[PDB]
Amino acid sequence: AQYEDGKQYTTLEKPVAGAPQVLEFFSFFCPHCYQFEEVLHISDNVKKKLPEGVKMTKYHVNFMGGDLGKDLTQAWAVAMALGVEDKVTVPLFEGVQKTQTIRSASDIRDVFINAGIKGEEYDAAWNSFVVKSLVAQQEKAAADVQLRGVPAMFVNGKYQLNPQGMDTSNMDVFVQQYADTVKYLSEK
């Protein structure tokens, strides 16, 4: 067939109950994640093709970057709680990997302040239990799919995207196949 288990995707030996329909894991420390988001625009291309009634979820991971890594997962939780993901994703990637001026929790906060989030709103979210459970949620999801690397994407808690079994030449052919594969899995 056109789409094959073991080629463009794999199947989790132990499917995840109640999982988000389309679930991406990434890290702001992750160079391939910078490529995926800022150069290849995988998420955006996946969303342009998703069926109606299918939402895309994006979680940060702790295992890259030590204390700053975990600060970033907590800030991503803040972004999700405040609903400002699309305002901070680019400056967070650029601050960590391009300019490399994000070296502390405070530097992360500066990105939100600069993007128009009031300081007291950011601090209240940062210190909230709502954000702590959001951090726990992201960690739990990683455990549930038994995550080993980023970037990664899972569909309906049962299928894992397998970009190494896709074509890597024209970035666009690769990106199109990736996005097409996600759409296919979503209806599976």
# chains A, B, ... in the order shown; residues from 1 in each chain; ligands from 1
>>> residues_around(residues="residue 166 (chain A)", least_positions_apart="2", cutoff="8 Å", atoms="only C-alpha atoms", output="ChimeraX atom specification")
/A:7-8,162-164,168,174,177-178
>>> select_by_dssp(residues="region 111-181 of chain A", states="alpha helix (DSSP H)", output="MDAnalysis selection string")
chainID A and resid 111:114 119:126 129:144 171:181
>>> write_last_selection(atoms="N, CA, C and O atoms", output="compact mmCIF listing (two decimals), in the first residue's frame")
# COMPACT_ATOMS: atom_id res chain seq x y z
N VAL A 111 10.88 37.13 27.41
CA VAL A 111 10.24 36.83 26.13
C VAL A 111 8.73 37.07 26.22
O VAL A 111 8.14 37.68 25.33
N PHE A 112 8.09 36.58 27.29
CA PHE A 112 6.65 36.80 27.47
C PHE A 112 6.31 38.28 27.70
O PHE A 112 5.32 38.78 27.16
N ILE A 113 7.14 38.97 28.50
CA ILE A 113 6.93 40.39 28.81
C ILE A 113 6.98 41.20 27.51
O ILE A 113 6.11 42.05 27.23
N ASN A 114 7.99 40.89 26.70
CA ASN A 114 8.19 41.55 25.42
C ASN A 114 7.07 41.26 24.43
O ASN A 114 6.78 42.08 23.56
N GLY A 119 3.44 41.18 33.39
CA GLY A 119 4.30 40.49 34.33
C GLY A 119 3.55 39.74 35.42
O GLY A 119 3.87 38.58 35.70
N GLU A 120 2.53 40.37 36.00
CA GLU A 120 1.82 39.74 37.11
C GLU A 120 0.98 38.56 36.62
O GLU A 120 0.71 37.64 37.39
N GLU A 121 0.59 38.60 35.35
CA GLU A 121 -0.18 37.51 34.78
C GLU A 121 0.73 36.32 34.56
O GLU A 121 0.39 35.19 34.94
N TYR A 122 1.91 36.58 34.01
CA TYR A 122 2.92 35.54 33.84
C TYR A 122 3.31 34.93 35.19
O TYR A 122 3.41 33.71 35.33
N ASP A 123 3.56 35.78 36.19
CA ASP A 123 4.01 35.25 37.50
C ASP A 123 2.93 34.43 38.20
O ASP A 123 3.23 33.43 38.86
N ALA A 124 1.69 34.89 38.11
CA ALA A 124 0.58 34.15 38.70
C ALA A 124 0.42 32.76 38.04
O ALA A 124 0.31 31.74 38.72
N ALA A 125 0.47 32.70 36.71
CA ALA A 125 0.46 31.41 36.01
C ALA A 125 1.67 30.56 36.41
O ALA A 125 1.51 29.38 36.79
N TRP A 126 2.86 31.14 36.34
CA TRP A 126 4.11 30.40 36.64
C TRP A 126 4.01 29.68 37.98
O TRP A 126 4.40 28.52 38.11
N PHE A 129 -0.96 26.14 40.58
CA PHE A 129 -1.14 24.70 40.50
C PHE A 129 -1.68 24.27 39.15
O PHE A 129 -1.49 23.12 38.74
N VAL A 130 -2.39 25.17 38.47
CA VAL A 130 -2.96 24.83 37.19
C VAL A 130 -1.76 24.55 36.25
O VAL A 130 -1.75 23.56 35.50
N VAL A 131 -0.73 25.38 36.34
CA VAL A 131 0.50 25.18 35.57
C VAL A 131 1.29 23.95 36.03
O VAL A 131 1.85 23.22 35.20
N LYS A 132 1.30 23.67 37.34
CA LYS A 132 1.97 22.46 37.80
C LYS A 132 1.30 21.21 37.24
O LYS A 132 1.99 20.26 36.88
N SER A 133 -0.04 21.19 37.17
CA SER A 133 -0.67 20.00 36.61
C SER A 133 -0.40 19.94 35.10
O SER A 133 -0.25 18.86 34.56
N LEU A 134 -0.32 21.11 34.45
CA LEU A 134 0.02 21.13 33.02
C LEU A 134 1.43 20.57 32.78
O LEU A 134 1.67 19.87 31.81
N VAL A 135 2.38 20.90 33.66
CA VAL A 135 3.71 20.31 33.58
C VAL A 135 3.66 18.78 33.78
O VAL A 135 4.26 18.03 33.01
N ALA A 136 2.90 18.34 34.79
CA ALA A 136 2.72 16.92 35.06
C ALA A 136 2.08 16.18 33.88
O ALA A 136 2.45 15.05 33.58
N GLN A 137 1.12 16.84 33.23
CA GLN A 137 0.43 16.29 32.06
C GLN A 137 1.39 15.98 30.91
O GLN A 137 1.26 14.96 30.22
N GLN A 138 2.31 16.92 30.68
CA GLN A 138 3.29 16.78 29.61
C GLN A 138 4.25 15.65 29.92
O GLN A 138 4.60 14.87 29.05
N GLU A 139 4.68 15.57 31.18
CA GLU A 139 5.57 14.51 31.62
C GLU A 139 4.89 13.13 31.52
O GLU A 139 5.49 12.16 31.05
N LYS A 140 3.62 13.08 31.93
CA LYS A 140 2.81 11.85 31.87
C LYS A 140 2.62 11.36 30.44
O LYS A 140 2.71 10.16 30.18
N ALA A 141 2.31 12.28 29.54
CA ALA A 141 2.16 11.93 28.12
C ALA A 141 3.44 11.30 27.57
O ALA A 141 3.39 10.31 26.83
N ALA A 142 4.59 11.87 27.94
CA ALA A 142 5.88 11.32 27.49
C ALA A 142 6.03 9.89 27.97
O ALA A 142 6.44 8.99 27.22
N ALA A 143 5.65 9.66 29.23
CA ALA A 143 5.73 8.33 29.79
C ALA A 143 4.79 7.40 29.03
O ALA A 143 5.18 6.29 28.66
N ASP A 144 3.58 7.89 28.76
CA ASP A 144 2.55 7.06 28.13
C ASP A 144 2.89 6.58 26.73
O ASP A 144 2.54 5.45 26.38
N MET A 171 12.77 19.26 0.91
CA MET A 171 12.24 19.48 2.22
C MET A 171 10.73 19.41 2.11
O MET A 171 10.06 18.83 2.93
N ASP A 172 10.23 20.02 1.04
CA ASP A 172 8.79 20.14 0.80
C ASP A 172 8.14 18.79 0.50
O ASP A 172 7.04 18.52 0.96
N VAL A 173 8.82 17.93 -0.26
CA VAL A 173 8.30 16.58 -0.46
C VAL A 173 8.26 15.84 0.87
O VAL A 173 7.26 15.18 1.20
N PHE A 174 9.33 15.97 1.66
CA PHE A 174 9.35 15.39 3.00
C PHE A 174 8.21 15.93 3.87
O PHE A 174 7.48 15.16 4.49
N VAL A 175 8.07 17.26 3.91
CA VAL A 175 7.05 17.92 4.73
C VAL A 175 5.63 17.51 4.28
O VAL A 175 4.75 17.20 5.11
N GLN A 176 5.40 17.52 2.97
CA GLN A 176 4.12 17.08 2.42
C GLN A 176 3.80 15.64 2.77
O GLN A 176 2.67 15.34 3.17
N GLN A 177 4.78 14.74 2.66
CA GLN A 177 4.55 13.35 3.02
C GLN A 177 4.24 13.21 4.52
O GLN A 177 3.35 12.44 4.91
N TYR A 178 4.97 13.96 5.34
CA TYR A 178 4.74 13.97 6.78
C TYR A 178 3.31 14.38 7.10
O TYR A 178 2.57 13.68 7.82
N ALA A 179 2.93 15.54 6.58
CA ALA A 179 1.59 16.07 6.78
C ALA A 179 0.53 15.12 6.21
O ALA A 179 -0.47 14.86 6.87
N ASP A 180 0.76 14.60 5.00
CA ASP A 180 -0.18 13.64 4.41
C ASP A 180 -0.30 12.38 5.28
O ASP A 180 -1.40 11.85 5.50
N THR A 181 0.81 11.92 5.82
CA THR A 181 0.78 10.75 6.69
C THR A 181 -0.03 11.00 7.96
O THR A 181 -0.85 10.16 8.35
>>> residues_around(residues="residue 91 (chain A)", least_positions_apart="5", cutoff="12 Å", atoms="only C-alpha atoms", output="MDAnalysis selection string")
chainID A and resid 28 34 37:38 85:86 96:102 107:115
>>> select_by_dssp(residues="chain A", states="strand (DSSP E)", output="short mmCIF file (atom, residue, chain, number, x, y, z; two decimals) with C-alpha atoms, in the first residue's frame")
data_model
loop_
_atom_site.label_atom_id
_atom_site.label_comp_id
_atom_site.auth_asym_id
_atom_site.auth_seq_id
_atom_site.Cartn_x
_atom_site.Cartn_y
_atom_site.Cartn_z
CA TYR A 9 4.62 5.36 10.69
CA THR A 10 4.77 2.73 13.42
CA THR A 11 2.18 1.31 15.80
CA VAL A 22 -2.54 14.68 17.27
CA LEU A 23 0.25 14.96 19.83
CA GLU A 24 3.64 16.55 19.17
CA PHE A 25 6.60 16.50 21.57
CA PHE A 26 9.48 18.97 21.22
CA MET A 56 -3.31 19.50 17.38
CA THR A 57 -1.55 19.36 20.76
CA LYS A 58 2.08 20.27 21.40
CA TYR A 59 4.01 19.34 24.59
CA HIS A 60 7.47 20.37 25.75
CA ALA A 152 8.01 13.21 17.72
CA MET A 153 4.33 13.01 16.84
CA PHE A 154 1.63 10.52 17.79
CA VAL A 155 -1.86 10.12 16.33
CA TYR A 159 0.46 5.62 15.78
CA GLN A 160 3.92 7.19 15.78
CA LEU A 161 5.14 9.26 12.88
#
>>> residues_around(residues="residue 64 (chain A)", least_positions_apart="5", cutoff="9 Å", atoms="only C-alpha atoms", output="list in words")
residues 27, 28, 29, 30, 69 and 70 of chain A
>>> write_last_selection(atoms="N, CA, C and O atoms", output="PDB file, in the first residue's frame")
ATOM      1  N   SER A  27      11.426  20.070  22.120  1.00  0.00           N
ATOM      2  CA  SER A  27      12.144  20.877  23.100  1.00  0.00           C
ATOM      3  C   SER A  27      12.667  22.146  22.425  1.00  0.00           C
ATOM      4  O   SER A  27      13.102  22.108  21.270  1.00  0.00           O
ATOM      5  N   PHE A  28      12.628  23.270  23.139  1.00  0.00           N
ATOM      6  CA  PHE A  28      13.273  24.490  22.653  1.00  0.00           C
ATOM      7  C   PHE A  28      14.823  24.350  22.598  1.00  0.00           C
ATOM      8  O   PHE A  28      15.505  25.142  21.936  1.00  0.00           O
ATOM      9  N   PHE A  29      15.380  23.330  23.253  1.00  0.00           N
ATOM     10  CA  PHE A  29      16.828  23.058  23.148  1.00  0.00           C
ATOM     11  C   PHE A  29      17.207  22.224  21.937  1.00  0.00           C
ATOM     12  O   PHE A  29      18.384  22.094  21.583  1.00  0.00           O
ATOM     13  N   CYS A  30      16.193  21.680  21.295  1.00  0.00           N
ATOM     14  CA  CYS A  30      16.364  20.630  20.317  1.00  0.00           C
ATOM     15  C   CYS A  30      16.582  21.217  18.915  1.00  0.00           C
ATOM     16  O   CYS A  30      15.694  21.861  18.372  1.00  0.00           O
ATOM     17  N   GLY A  69      15.918  23.496  30.693  1.00  0.00           N
ATOM     18  CA  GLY A  69      14.962  22.627  30.020  1.00  0.00           C
ATOM     19  C   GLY A  69      13.634  22.509  30.748  1.00  0.00           C
ATOM     20  O   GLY A  69      12.564  22.672  30.140  1.00  0.00           O
ATOM     21  N   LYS A  70      13.701  22.254  32.054  1.00  0.00           N
ATOM     22  CA  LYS A  70      12.502  22.156  32.889  1.00  0.00           C
ATOM     23  C   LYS A  70      11.813  23.511  33.064  1.00  0.00           C
ATOM     24  O   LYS A  70      10.589  23.574  33.130  1.00  0.00           O
TER      25      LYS A  70
END
>>> atom_distance(atom1="CA of residue 151 (chain A)", atom2="CA of residue 44 (chain A)")
14.5 Å
>>> atom_distance(atom1="CA of residue 170 (chain A)", atom2="CA of residue 47 (chain A)")
20.1 Å
>>> atom_distance(atom1="CA of residue 36 (chain A)", atom2="CA of residue 19 (chain A)")
22.3 Å
>>> decode(residues="region 109-132 of chain A", atoms="N, CA, C and O atoms", output="short mmCIF file (atom, residue, chain, number, x, y, z; two decimals), in the first residue's frame")
data_model
loop_
_atom_site.label_atom_id
_atom_site.label_comp_id
_atom_site.auth_asym_id
_atom_site.auth_seq_id
_atom_site.Cartn_x
_atom_site.Cartn_y
_atom_site.Cartn_z
N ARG A 109 10.96 34.57 30.95
CA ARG A 109 9.95 35.56 31.30
C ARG A 109 10.05 36.81 30.43
O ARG A 109 9.03 37.33 29.97
N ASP A 110 11.27 37.29 30.20
CA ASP A 110 11.45 38.48 29.35
C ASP A 110 10.77 38.33 27.99
O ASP A 110 10.18 39.28 27.48
N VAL A 111 10.88 37.13 27.41
CA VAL A 111 10.24 36.83 26.13
C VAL A 111 8.73 37.07 26.22
O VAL A 111 8.14 37.68 25.33
N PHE A 112 8.09 36.58 27.29
CA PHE A 112 6.65 36.80 27.47
C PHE A 112 6.31 38.28 27.70
O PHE A 112 5.32 38.78 27.16
N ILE A 113 7.14 38.97 28.50
CA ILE A 113 6.93 40.39 28.81
C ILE A 113 6.98 41.20 27.51
O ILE A 113 6.11 42.05 27.23
N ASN A 114 7.99 40.89 26.70
CA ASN A 114 8.19 41.55 25.42
C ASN A 114 7.07 41.26 24.43
O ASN A 114 6.78 42.08 23.56
N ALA A 115 6.45 40.10 24.58
CA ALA A 115 5.36 39.70 23.68
C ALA A 115 4.00 40.21 24.16
O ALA A 115 2.97 39.84 23.61
N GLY A 116 3.99 41.03 25.20
CA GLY A 116 2.74 41.65 25.61
C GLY A 116 2.02 41.02 26.79
O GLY A 116 0.95 41.50 27.16
N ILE A 117 2.58 39.96 27.37
CA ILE A 117 1.98 39.33 28.54
C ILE A 117 2.35 40.16 29.77
O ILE A 117 3.53 40.38 30.03
N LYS A 118 1.36 40.59 30.54
CA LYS A 118 1.66 41.36 31.75
C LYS A 118 2.49 40.53 32.71
O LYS A 118 2.30 39.31 32.80
N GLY A 119 3.44 41.18 33.39
CA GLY A 119 4.30 40.49 34.33
C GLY A 119 3.55 39.74 35.42
O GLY A 119 3.87 38.58 35.70
N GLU A 120 2.53 40.37 36.00
CA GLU A 120 1.82 39.74 37.11
C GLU A 120 0.98 38.56 36.62
O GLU A 120 0.71 37.64 37.39
N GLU A 121 0.59 38.60 35.35
CA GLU A 121 -0.18 37.51 34.78
C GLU A 121 0.73 36.32 34.56
O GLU A 121 0.39 35.19 34.94
N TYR A 122 1.91 36.58 34.01
CA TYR A 122 2.92 35.54 33.84
C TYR A 122 3.31 34.93 35.19
O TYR A 122 3.41 33.71 35.33
N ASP A 123 3.56 35.78 36.19
CA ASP A 123 4.01 35.25 37.50
C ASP A 123 2.93 34.43 38.20
O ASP A 123 3.23 33.43 38.86
N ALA A 124 1.69 34.89 38.11
CA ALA A 124 0.58 34.15 38.70
C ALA A 124 0.42 32.76 38.04
O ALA A 124 0.31 31.74 38.72
N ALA A 125 0.47 32.70 36.71
CA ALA A 125 0.46 31.41 36.01
C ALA A 125 1.67 30.56 36.41
O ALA A 125 1.51 29.38 36.79
N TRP A 126 2.86 31.14 36.34
CA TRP A 126 4.11 30.40 36.64
C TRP A 126 4.01 29.68 37.98
O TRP A 126 4.40 28.52 38.11
N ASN A 127 3.52 30.39 39.00
CA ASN A 127 3.41 29.84 40.35
C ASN A 127 2.12 29.06 40.63
O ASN A 127 1.92 28.61 41.76
N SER A 128 1.26 28.90 39.63
CA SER A 128 -0.06 28.27 39.87
C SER A 128 0.00 26.75 39.89
O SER A 128 0.89 26.14 39.29
N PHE A 129 -0.96 26.14 40.58
CA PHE A 129 -1.14 24.70 40.50
C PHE A 129 -1.68 24.27 39.15
O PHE A 129 -1.49 23.12 38.74
N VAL A 130 -2.39 25.17 38.47
CA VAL A 130 -2.96 24.83 37.19
C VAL A 130 -1.76 24.55 36.25
O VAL A 130 -1.75 23.56 35.50
N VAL A 131 -0.73 25.38 36.34
CA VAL A 131 0.50 25.18 35.57
C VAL A 131 1.29 23.95 36.03
O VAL A 131 1.85 23.22 35.20
N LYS A 132 1.30 23.67 37.34
CA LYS A 132 1.97 22.46 37.80
C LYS A 132 1.30 21.21 37.24
O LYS A 132 1.99 20.26 36.88
#
